[PDB]
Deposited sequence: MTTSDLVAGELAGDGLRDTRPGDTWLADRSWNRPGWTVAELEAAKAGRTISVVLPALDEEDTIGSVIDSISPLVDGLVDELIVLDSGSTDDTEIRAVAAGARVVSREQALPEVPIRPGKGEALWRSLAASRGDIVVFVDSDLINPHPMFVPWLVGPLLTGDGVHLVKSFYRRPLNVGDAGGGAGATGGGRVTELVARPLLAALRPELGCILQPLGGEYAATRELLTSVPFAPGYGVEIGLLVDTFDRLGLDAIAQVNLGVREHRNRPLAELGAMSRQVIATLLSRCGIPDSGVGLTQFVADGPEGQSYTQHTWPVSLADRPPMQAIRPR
């Protein structure tokens, strides 16, 4: 299976593989009265968001029932360019007005549960460079087929340091069953509303890993599938921010495993000059504050 795999192919828990042979029209037939929402979280991606929407556009009013951009505080042209591309833009305020806003990606995805209605929600990063139009159908495939699958995680090929050095080694240490997950931190994935609204959402960059572990702990490995997305292009992370991202992944995973995190942010020491004559001290925030299951706030 891993010795021969294609963009679309599905990996299940019991080491078994599947190469899908359906059309998108056949997949919409498999729905059986289930609705699909696509949510694109966006903080300042005016350059790429149009192209991302365009890749998913033609599925709307067919496979996809709604396409939402969750505007996470953008001050560029994200909103207007997303509207011109034919997406409904919902701000964090509009999504859930009765709860004060916290910073970070986790917050945005959590709020999008209140703004969306689909029985199935698909998340796709809005900074992807020319995403394959088959991303969404490939992600929903294993949910619409039905093996008691509740979370579909993607894997892909680089055309991350935090994934390979932090998330995956800590998973081996603390949740070794999740060692089969190739890309635990990836932003392209799909899940049932059932699962999503029943679990807490980790803050900031902890969100994906928290969901992964929460899904595993509550529903076991059989509820998780992996799908090959093929080549995944996206804008590279600036090197400065990787320490902060790692620290948050660590905080979220420790908390899921019942290990007390100090709540103390990473302090980085940045050499000011070539000789190392002076260092700039930079401390990034880390959060231990999950949001509760959406069922406790805005229940269906």
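TODO: List in ascending order the stretches of the deposited sequence, numbered from 1, that lack C-alpha coordinates.
DONE: Several regions go unmodelled: 1-14, 174-188.
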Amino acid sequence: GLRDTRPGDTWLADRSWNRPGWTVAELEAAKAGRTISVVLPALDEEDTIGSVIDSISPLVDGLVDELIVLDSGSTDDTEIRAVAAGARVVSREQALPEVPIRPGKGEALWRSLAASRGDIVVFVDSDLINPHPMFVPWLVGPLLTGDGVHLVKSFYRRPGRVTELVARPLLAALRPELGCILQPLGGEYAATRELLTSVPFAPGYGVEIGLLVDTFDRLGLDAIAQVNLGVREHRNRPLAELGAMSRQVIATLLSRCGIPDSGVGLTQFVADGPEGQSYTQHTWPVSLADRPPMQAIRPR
From here on, numbers count along this sequence of modelled residues.
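Just so we're on the same page, rigid core means the largest C-alpha set that superposes within 1.5 Å between forms.
- [ ] Could you check whether 143-151 or 210-218 drifts more from the shown form in 4 other deposited structures of this protein, using RMS Cα distance once the core is superposed?
- [x] When 143-151 and 210-218 are compared in 4 other deposited structures of this protein, the bigger C-alpha shift is seen for 143-151.
Open item on the list: After superposing on the rigid core, which of 274-282 and 287-295 has its C-alpha atoms sitting farther from this form in 4 other deposited structures of this protein?
Closed with: It is 274-282 whose C-alphas lie farther from the shown form in 4 other deposited structures of this protein.
TODO: For the higher mean C-alpha B factor in the entry, choose 19-27 or 275-283.
DONE: According to the PDB entry, the answer is 19-27.
Open item on the list: When the Cα temperature factors in the entry are averaged, is it 170-178 or 150-158 that ends up higher?
Closed with: According to the entry, 150-158 carries the higher average C-alpha B-factor.
TODO: Name the residue from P200, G186, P133, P203 with the greatest C-alpha temperature factor listed in the entry.
DONE: Checking the PDB record, the top C-alpha B-factor among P200, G186, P133, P203 is at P133.
Task: Maximum C-alpha temperature factor, selected from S255, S246, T267, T35 - done: Comparing C-alpha B-factors across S255, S246, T267, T35, the top value belongs to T35.
Open item on the list: Please place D217 in the lowest, middle or highest third of its chain according to the CA B-factor in the PDB entry.
Closed with: Within its chain, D217 is a middle-third residue by C-alpha B-factor, going by the deposited values.
- [ ] Report the third (lowest, middle or highest) to which the CA temperature factor of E164 belongs, ranking only the modelled residues of the same chain.
- [x] As the PDB entry reports it, the C-alpha B-factor of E164 lands in the lowest third of its chain.
- [ ] Would you mind checking where the Cα B-factor of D261 ranks among the modelled residues of its chain, as the lowest, middle or highest third?
- [x] Lowest third - that is where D261 ends up once the chain's C-alpha B-factors are sorted.
- [ ] Check where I49 lands among this chain's C-alpha B-factors and tell me if it's the lowest, middle or highest third.
- [x] Its C-alpha B-factor, which the entry lists for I49, ranks in the highest third among residues of this chain.
Task: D71 - which third its CA temperature factor falls in, relative to the rest of the chain - done: Middle third by C-alpha B-factor.
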